[PDB]
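Text of the file start-v1.cif, holding mmCIF, C-alpha atoms:
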data_coords
loop_
_atom_site.label_atom_id
_atom_site.label_comp_id
_atom_site.auth_asym_id
_atom_site.auth_seq_id
_atom_site.Cartn_x
_atom_site.Cartn_y
_atom_site.Cartn_z
CA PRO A 52 0.00 0.00 0.00
CA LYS A 53 0.92 3.64 -0.49
CA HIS A 54 2.61 5.65 2.31
CA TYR A 55 4.85 2.81 3.54
CA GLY A 56 8.20 3.29 1.84
CA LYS A 57 9.61 0.90 -0.73
CA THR A 58 10.36 -2.22 1.36
CA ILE A 59 8.52 -5.18 2.91
CA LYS A 60 9.59 -7.31 5.89
CA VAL A 61 8.33 -10.66 7.22
CA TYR A 62 9.18 -13.10 10.02
CA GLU A 63 10.43 -16.68 9.83
CA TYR A 64 10.27 -18.86 12.95
CA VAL A 65 13.25 -21.17 13.54
CA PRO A 66 12.44 -24.65 14.90
CA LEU A 67 13.48 -25.69 18.38
CA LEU A 68 16.18 -28.19 17.43
CA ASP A 69 17.82 -26.37 14.51
CA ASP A 70 21.42 -25.17 14.79
CA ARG A 71 20.35 -21.58 14.11
CA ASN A 72 18.55 -21.45 17.47
CA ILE A 73 21.22 -19.78 19.63
CA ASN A 74 20.53 -18.21 23.03
CA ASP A 75 21.54 -18.20 26.70
CA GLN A 76 18.37 -19.56 28.32
CA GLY A 77 19.61 -23.15 28.44
CA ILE A 78 19.80 -25.00 31.76
CA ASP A 79 21.32 -28.48 31.82
CA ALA A 80 19.55 -31.56 33.19
CA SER A 81 21.76 -31.45 36.29
CA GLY A 82 20.41 -27.95 36.98
CA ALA A 83 23.64 -26.15 36.11
CA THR A 84 23.50 -23.42 33.49
CA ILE A 85 24.55 -24.37 29.95
CA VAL A 86 25.49 -22.28 26.93
CA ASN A 87 22.96 -23.92 24.58
CA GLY A 88 19.24 -23.26 24.83
CA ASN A 89 18.26 -26.05 22.45
CA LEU A 90 18.72 -29.61 23.70
CA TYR A 91 20.86 -30.55 20.70
CA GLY A 92 21.20 -28.94 17.30
CA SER A 93 21.13 -30.60 13.91
CA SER A 94 23.50 -33.22 15.36
CA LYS A 95 23.00 -36.90 14.57
CA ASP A 96 25.83 -38.24 16.74
CA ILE A 97 24.59 -40.78 19.25
CA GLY A 98 26.92 -39.40 21.93
CA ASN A 99 25.42 -35.92 22.02
CA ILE A 100 21.88 -37.30 22.06
CA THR A 101 22.75 -39.77 24.82
CA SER A 102 24.47 -37.16 26.99
CA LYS A 103 21.86 -34.41 26.56
CA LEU A 104 18.64 -36.21 27.44
CA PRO A 105 15.99 -34.51 29.61
CA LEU A 106 15.35 -36.32 32.91
CA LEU A 107 13.01 -35.70 35.89
CA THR A 108 11.70 -37.38 39.06
CA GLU A 109 8.17 -37.43 40.52
CA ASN A 110 8.34 -33.89 41.95
CA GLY A 111 10.28 -31.91 39.37
CA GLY A 112 11.35 -28.27 39.51
CA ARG A 113 13.79 -26.20 37.44
CA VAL A 114 15.57 -28.91 35.45
CA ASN A 115 15.64 -28.21 31.70
CA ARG A 116 15.06 -24.94 29.86
CA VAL A 117 14.73 -24.10 26.16
CA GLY A 118 14.53 -20.98 24.04
CA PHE A 119 13.49 -19.73 20.62
CA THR A 120 14.61 -17.36 17.85
CA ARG A 121 13.14 -15.73 14.74
CA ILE A 122 14.56 -14.13 11.58
CA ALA A 123 13.38 -11.51 9.09
CA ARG A 124 13.65 -10.91 5.33
CA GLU A 125 13.26 -7.96 2.95
CA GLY A 126 12.31 -6.88 -0.55
CA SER A 127 12.48 -3.68 -2.58
CA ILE A 128 11.03 -1.89 -5.62
CA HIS A 129 12.62 -0.17 -8.63
CA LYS A 130 11.37 1.83 -11.63
CA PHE A 131 12.04 1.82 -15.39
CA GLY A 132 10.94 3.57 -18.57
CA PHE A 133 11.73 4.81 -22.07
CA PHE A 134 10.15 6.88 -24.84
CA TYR A 135 10.47 7.99 -28.47
CA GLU A 136 9.76 11.14 -30.49
CA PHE A 137 8.51 12.02 -33.98
CA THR A 138 7.37 14.90 -36.20
CA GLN A 139 4.17 15.62 -38.12
CA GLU A 140 5.86 15.95 -41.51
CA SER A 141 7.23 12.43 -41.10
CA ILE A 142 3.84 10.79 -40.56
CA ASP A 143 2.09 12.94 -43.17
CA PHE A 144 4.61 12.51 -46.00
CA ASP A 145 5.66 8.92 -45.30
CA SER A 146 4.99 6.46 -48.11
CA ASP A 147 3.72 3.89 -45.58
CA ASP A 148 0.32 4.24 -43.94
CA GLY A 149 -0.18 3.05 -40.39
CA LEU A 150 3.45 3.40 -39.33
CA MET A 151 2.37 4.28 -35.79
CA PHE B 352 2.32 -36.00 27.09
CA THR B 353 1.30 -33.91 30.11
CA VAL B 354 1.48 -30.13 29.72
CA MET B 355 1.10 -27.52 32.48
CA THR B 356 0.89 -23.78 31.77
CA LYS B 357 0.64 -20.85 34.19
CA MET B 358 0.46 -17.43 32.56
CA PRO B 359 1.93 -14.54 34.57
CA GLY B 360 -0.40 -12.62 36.85
CA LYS B 361 -2.44 -13.32 39.97
CA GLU B 362 -2.00 -17.10 39.79
CA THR B 363 1.81 -16.79 39.70
CA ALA B 364 1.90 -14.40 42.66
CA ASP B 365 3.96 -15.88 45.48
CA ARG B 366 5.69 -14.90 48.69
CA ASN B 367 9.01 -14.99 46.81
CA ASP B 368 7.70 -12.78 43.98
CA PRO B 369 4.69 -10.69 45.12
CA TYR B 370 4.25 -9.01 41.73
CA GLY B 371 4.24 -12.28 39.79
CA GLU B 372 5.59 -11.06 36.45
CA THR B 373 7.01 -14.50 35.68
CA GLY B 374 5.45 -17.66 34.27
CA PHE B 375 6.31 -21.08 32.93
CA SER B 376 5.13 -24.10 30.95
CA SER B 377 6.35 -27.69 31.28
CA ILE B 378 6.05 -31.04 29.50
CA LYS B 379 6.73 -34.53 30.85
CA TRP B 380 6.17 -38.17 29.91
CA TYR B 381 7.29 -41.77 30.44
CA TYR B 382 8.97 -44.23 28.07
CA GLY B 383 10.14 -47.84 28.19
CA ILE B 384 10.90 -50.82 25.97
CA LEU B 385 10.87 -54.61 26.29
CA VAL B 386 12.72 -56.76 23.77
CA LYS B 387 11.49 -60.33 23.35
CA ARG B 388 13.78 -61.68 20.62
CA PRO B 389 16.97 -59.66 20.09
CA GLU B 390 18.12 -62.19 17.49
CA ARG B 391 15.64 -60.79 14.96
CA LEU B 392 17.23 -57.33 14.82
CA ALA B 393 20.17 -56.86 12.44
CA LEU B 394 22.80 -54.24 11.70
CA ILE B 395 25.70 -53.58 9.30
CA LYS B 396 28.21 -50.94 10.40
CA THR B 397 30.15 -49.18 7.65
CA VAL B 398 31.70 -45.88 6.63
CA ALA B 399 29.93 -43.60 4.18
CA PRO B 400 31.23 -41.56 1.23
CA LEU B 401 31.57 -37.80 1.52
CA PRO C 2 33.11 -37.75 45.33
CA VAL C 3 32.73 -34.82 47.73
CA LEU C 4 32.00 -31.46 46.11
CA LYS C 5 32.59 -27.96 47.48
CA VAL C 6 30.35 -24.93 46.94
CA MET C 7 31.27 -21.24 46.65
CA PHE C 8 28.76 -18.39 46.54
CA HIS C 9 29.27 -14.87 45.16
CA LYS C 10 26.77 -12.41 46.61
CA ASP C 11 27.03 -9.66 43.98
CA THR C 12 26.42 -11.85 40.91
CA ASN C 13 24.18 -14.44 42.64
CA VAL C 14 26.33 -17.30 41.32
CA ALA C 15 26.87 -20.63 43.07
CA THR C 16 30.01 -22.43 41.88
CA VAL C 17 30.45 -26.18 42.37
CA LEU C 18 34.08 -27.29 42.20
CA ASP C 19 36.17 -30.23 43.34
CA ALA C 20 37.22 -30.51 46.97
CA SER C 21 40.89 -29.65 46.46
CA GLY C 22 40.02 -26.75 44.17
CA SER C 23 39.73 -23.12 45.23
CA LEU C 24 38.51 -19.82 43.79
CA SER C 25 40.02 -16.33 44.06
CA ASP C 26 37.01 -14.36 42.79
CA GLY C 27 35.96 -13.38 46.32
CA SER C 28 33.29 -15.99 47.07
CA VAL C 29 32.82 -17.75 50.41
CA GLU C 30 32.47 -21.44 51.27
CA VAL C 31 28.92 -22.55 52.01
CA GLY C 32 29.40 -26.27 52.58
CA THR C 33 30.18 -29.68 51.12
CA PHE C 34 28.09 -32.58 49.84
CA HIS C 35 28.36 -35.87 47.96
CA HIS C 36 27.43 -35.74 44.28
CA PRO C 37 26.29 -39.39 44.20
CA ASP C 38 24.16 -39.54 47.34
CA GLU C 39 25.13 -42.54 49.44
CA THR C 40 21.54 -43.45 50.30
CA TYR C 41 19.84 -42.41 47.03
CA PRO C 42 22.38 -42.29 44.19
CA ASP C 43 19.85 -41.59 41.42
CA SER C 44 17.01 -39.71 43.13
CA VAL C 45 19.01 -36.54 43.92
CA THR C 46 21.07 -34.43 41.51
CA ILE C 47 23.36 -31.43 42.05
CA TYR C 48 20.56 -28.85 42.16
CA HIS C 49 18.91 -30.41 45.22
CA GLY C 50 22.20 -30.64 47.10
CA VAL C 51 23.07 -27.01 46.36
CA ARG C 52 19.58 -25.95 47.47
CA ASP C 53 19.83 -27.87 50.75
CA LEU C 54 23.27 -26.37 51.39
CA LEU C 55 22.16 -22.80 50.68
CA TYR C 56 19.00 -23.15 52.78
CA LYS C 57 21.06 -22.92 55.98
CA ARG C 58 23.10 -19.82 55.18
CA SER C 59 21.96 -16.26 55.86
CA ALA C 60 20.76 -13.87 53.17
CA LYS C 61 22.49 -10.67 54.31
CA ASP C 62 25.86 -12.40 54.82
CA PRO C 63 26.57 -15.69 52.99
CA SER C 64 29.06 -16.60 55.73
CA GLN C 65 26.63 -16.48 58.66
CA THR C 66 23.59 -18.68 59.32
CA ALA C 67 19.99 -17.69 60.01
CA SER C 68 16.48 -19.09 60.37
CA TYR C 69 13.81 -19.50 57.69
CA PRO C 70 12.59 -15.92 57.02
CA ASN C 71 16.13 -14.70 56.31
CA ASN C 72 17.23 -17.71 54.25
CA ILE C 73 18.31 -17.90 50.62
CA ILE C 74 15.27 -19.72 49.24
CA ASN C 75 14.81 -18.21 45.76
CA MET C 76 16.65 -20.24 43.13
CA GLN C 77 15.19 -18.46 40.11
CA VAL C 78 17.96 -15.85 40.34
CA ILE C 79 20.69 -18.26 41.47
CA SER C 80 22.79 -19.71 38.64
CA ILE C 81 25.02 -22.78 38.98
CA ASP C 82 28.36 -23.19 37.20
CA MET C 83 29.92 -26.65 37.31
CA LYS C 84 33.72 -26.89 37.39
CA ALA C 85 34.19 -30.36 38.89
CA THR C 86 34.84 -33.51 36.89
CA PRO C 87 31.69 -35.04 35.34
CA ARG C 88 30.35 -38.16 37.02
CA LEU C 89 31.21 -41.61 35.66
CA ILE C 90 28.23 -43.40 34.11
CA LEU C 91 27.83 -46.87 32.58
CA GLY C 92 26.23 -46.42 29.17
CA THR C 93 26.75 -50.07 28.21
CA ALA C 94 26.65 -52.86 30.79
CA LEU C 95 27.85 -56.43 30.54
CA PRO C 96 25.12 -59.05 29.98
CA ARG C 97 24.06 -60.64 33.24
CA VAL C 98 24.40 -64.23 31.98
CA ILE C 99 26.28 -65.64 28.98
CA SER C 100 25.75 -69.20 27.72
CA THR C 101 27.95 -71.04 25.23
CA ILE C 102 29.49 -74.39 24.35
CA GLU C 103 33.12 -75.46 24.70
CA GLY C 104 35.55 -74.34 22.01
CA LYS C 105 33.80 -71.07 21.10
CA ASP C 106 35.22 -67.57 21.44
CA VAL C 107 33.51 -65.22 23.91
CA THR C 108 33.83 -61.42 23.90
CA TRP C 109 32.95 -58.94 26.65
CA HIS C 110 32.53 -55.23 25.91
CA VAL C 111 31.92 -52.32 28.29
CA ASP C 112 31.46 -48.61 27.54
CA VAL C 113 32.08 -45.89 30.13
CA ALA C 114 31.69 -42.14 29.68
CA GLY C 115 32.69 -39.24 31.89
CA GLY C 116 35.51 -39.08 34.42
CA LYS C 117 38.84 -37.45 33.64
CA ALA C 118 40.84 -38.76 30.68
CA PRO C 119 43.18 -41.67 31.33
CA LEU C 120 40.39 -44.05 32.30
CA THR C 121 41.85 -47.52 32.70
CA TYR C 122 40.35 -50.99 32.73
CA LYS C 123 41.10 -54.11 34.79
CA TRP C 124 39.31 -57.46 34.52
CA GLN C 125 38.82 -59.98 37.33
CA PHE C 126 37.62 -63.59 37.42
CA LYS C 127 36.21 -65.96 40.06
CA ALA C 128 35.82 -69.73 39.90
CA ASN C 129 32.61 -71.57 40.76
CA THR C 130 34.31 -73.66 43.46
CA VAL C 131 33.51 -72.98 47.10
CA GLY C 132 35.60 -70.43 48.98
CA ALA C 133 36.85 -68.69 45.83
CA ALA C 134 37.62 -64.98 45.58
CA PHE C 135 38.18 -62.52 42.76
CA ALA C 136 41.53 -62.95 41.00
CA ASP C 137 43.23 -60.58 38.59
CA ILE C 138 43.56 -61.73 34.99
CA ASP C 139 47.20 -61.55 33.93
CA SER C 140 47.62 -58.88 31.26
#
Please, can you express the file's structure as structure tokens?
Amino acid sequence: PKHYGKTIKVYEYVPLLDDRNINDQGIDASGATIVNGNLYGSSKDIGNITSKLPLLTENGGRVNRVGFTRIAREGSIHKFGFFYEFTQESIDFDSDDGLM
Amino acid sequence: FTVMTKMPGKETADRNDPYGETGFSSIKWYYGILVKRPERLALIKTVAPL
Amino acid sequence: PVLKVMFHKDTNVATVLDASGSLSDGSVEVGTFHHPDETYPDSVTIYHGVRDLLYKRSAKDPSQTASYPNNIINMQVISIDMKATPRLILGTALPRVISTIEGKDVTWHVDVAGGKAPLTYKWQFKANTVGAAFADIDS
């Protein structure tokens, strides 16, 4: 719509387990703070999955935390044009009708 | 899956945090397995090309 | 393994480090506890032990002790940094019973994760005869 500049922005939402999800809200299963918010990224090693597995007892409090992240994109607009010029004597005295 | 959600406000007010600006949501479940005949499963371990 | 806890009042950080270790950041010693609980090895993790340790100490001064109303009971602000060696766990365990016939090769495999680095292994064997004790297998 008019009166909004020349650009458009949108939001993409990154999944929980993707590598792009980076933040400081992670808390490890032991309760100690951990650098990674997501449990494990796009990692298919069995060792990482085995080590970082959520675990709780019957009464559970403050064990495992996660976080989320979003990204944005953009687009823009340009303009083009061209023209041509003629004279009346050309169209009147041309041997070809319907040149226009 | 069992999910519990408590939005911030009056319900989250507590003696620790009288204002109750905070909130949380949690998920929990159980899982187990029993294997009757392990001889039926098979596996071939190998390297893979780049 | 016994663990030792340090608390920094300004940053609200509780540091768990090995018994021989020490910190020069200005924290004070709150107490000590066993990471694998002797009575309940699997029911209690580090967070519960740190909470029980910090319950006793006083809010205004981490060195001194006080009753309930002046305790350190809010663990939403408290953050825990682990500096001690990770606990040894048995990812793969030996089968309880192995059956075979004479003249066939038998293989035992065990997988251990955690600990320090130069984890070693030693295997021991006992006979079925009465009054027999574990004997080292000659490497």
Write out as a tab-separated table a residue-level contact list of chain B versus chain C with cut-off 12 Å: for each qualifying residue the closest pair of atoms and the distance in Å to one decimal, counting only C-alpha atoms, rows sorted by chain and residue number upward.
residue	atom	partner	partner_atom	distance
B:365	CA	C:75	CA	11.1
B:366	CA	C:75	CA	10.1
B:367	CA	C:75	CA	6.7
B:368	CA	C:75	CA	9.1
B:373	CA	C:77	CA	10.1
B:374	CA	C:77	CA	11.4
B:375	CA	C:77	CA	11.7
In Å, how far is it from CA of residue 115 in chain C to CA of residue 90 in chain C?
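One can read the CA of residue 115 in chain C to CA of residue 90 in chain C distance as 6.5 Å.
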Chain B residues near chain A (10 Å cut-off, all atoms listed in the file) as JSON, numbers by chain
{"B": [377, 379, 380, 381]}
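Near chain A, within 10 Å and using all atoms listed in the file, the residues of chain C are residues 15, 16, 17, 43, 44, 45, 46, 47, 48, 49, 51, 76, 77, 79, 80, 81, 82, 83, 92, 114 and 115 of chain C.
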Which polymer residues have any atom within 7 Å of an atom of residue 121 in chain A, counting all atoms listed in the file, with same-chain residues fewer than 5 positions away left out, as a list in words?
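Those residues are residues 62, 63, 64 and 65 of chain A.
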For those residues, write C-alpha atoms to a file as a short mmCIF file (atom, residue, chain, number, x, y, z; two decimals), in the frame of the given file.
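Output (again-v3.cif):
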data_model
loop_
_atom_site.label_atom_id
_atom_site.label_comp_id
_atom_site.auth_asym_id
_atom_site.auth_seq_id
_atom_site.Cartn_x
_atom_site.Cartn_y
_atom_site.Cartn_z
CA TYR A 62 9.18 -13.10 10.02
CA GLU A 63 10.43 -16.68 9.83
CA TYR A 64 10.27 -18.86 12.95
CA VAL A 65 13.25 -21.17 13.54
#
Could you work out how far CA of residue 70 in chain A lies from CA of residue 58 in chain A, giving the answer in Å with one decimal?
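Between CA of residue 58 in chain A and CA of residue 70 in chain A the gap works out to 28.8 Å.
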Mind giving me the straight-line distance from CA of residue 74 in chain A to CA of residue 89 in chain A in Å, one decimal?
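CA of residue 74 in chain A sits 8.2 Å away from CA of residue 89 in chain A.
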Contacts of residue 113 in chain C within 9 Å, all atoms listed in the file, excl. fewer than 3 positions in-chain, as an mmCIF file with C-alpha atoms, in the frame of the given file:
data_model
loop_
_atom_site.group_PDB
_atom_site.id
_atom_site.type_symbol
_atom_site.label_atom_id
_atom_site.label_comp_id
_atom_site.auth_asym_id
_atom_site.auth_seq_id
_atom_site.Cartn_x
_atom_site.Cartn_y
_atom_site.Cartn_z
ATOM 1 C CA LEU C 89 31.210 -41.610 35.660
ATOM 2 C CA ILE C 90 28.230 -43.400 34.110
ATOM 3 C CA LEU C 91 27.830 -46.870 32.580
ATOM 4 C CA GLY C 92 26.230 -46.420 29.170
ATOM 5 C CA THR C 93 26.750 -50.070 28.210
ATOM 6 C CA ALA C 94 26.650 -52.860 30.790
ATOM 7 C CA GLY C 116 35.510 -39.080 34.420
ATOM 8 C CA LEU C 120 40.390 -44.050 32.300
#
Selection dump of the PyMOL selection byres ((chain C and resi 61) around 9), as a count of residues only:
9
Residues near residue 92 in chain A, anyone? I mean within 9 Å using all atoms listed in the file, not counting same-chain ones fewer than 6 positions away, as a compact mmCIF listing (two decimals) with C-alpha atoms, keeping the file's coordinate frame.
# COMPACT_ATOMS: atom_id res chain seq x y z
CA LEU A 67 13.48 -25.69 18.38
CA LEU A 68 16.18 -28.19 17.43
CA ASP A 69 17.82 -26.37 14.51
CA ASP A 70 21.42 -25.17 14.79
CA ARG A 71 20.35 -21.58 14.11
CA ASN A 72 18.55 -21.45 17.47
List the neighbours of residue 28 in chain C out to 7 Å using all atoms listed in the file; skip same-chain residues closer than 2 positions along the sequence, and give me the result as a list in words.
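The neighbour list is residues 7, 8, 9, 26 and 30 of chain C.
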Tell me which residues the PyMOL selection byres ((chain B and resi 360) around 9) grabs here, as a ChimeraX atom specification.
/B:357-359,361-364,370-374
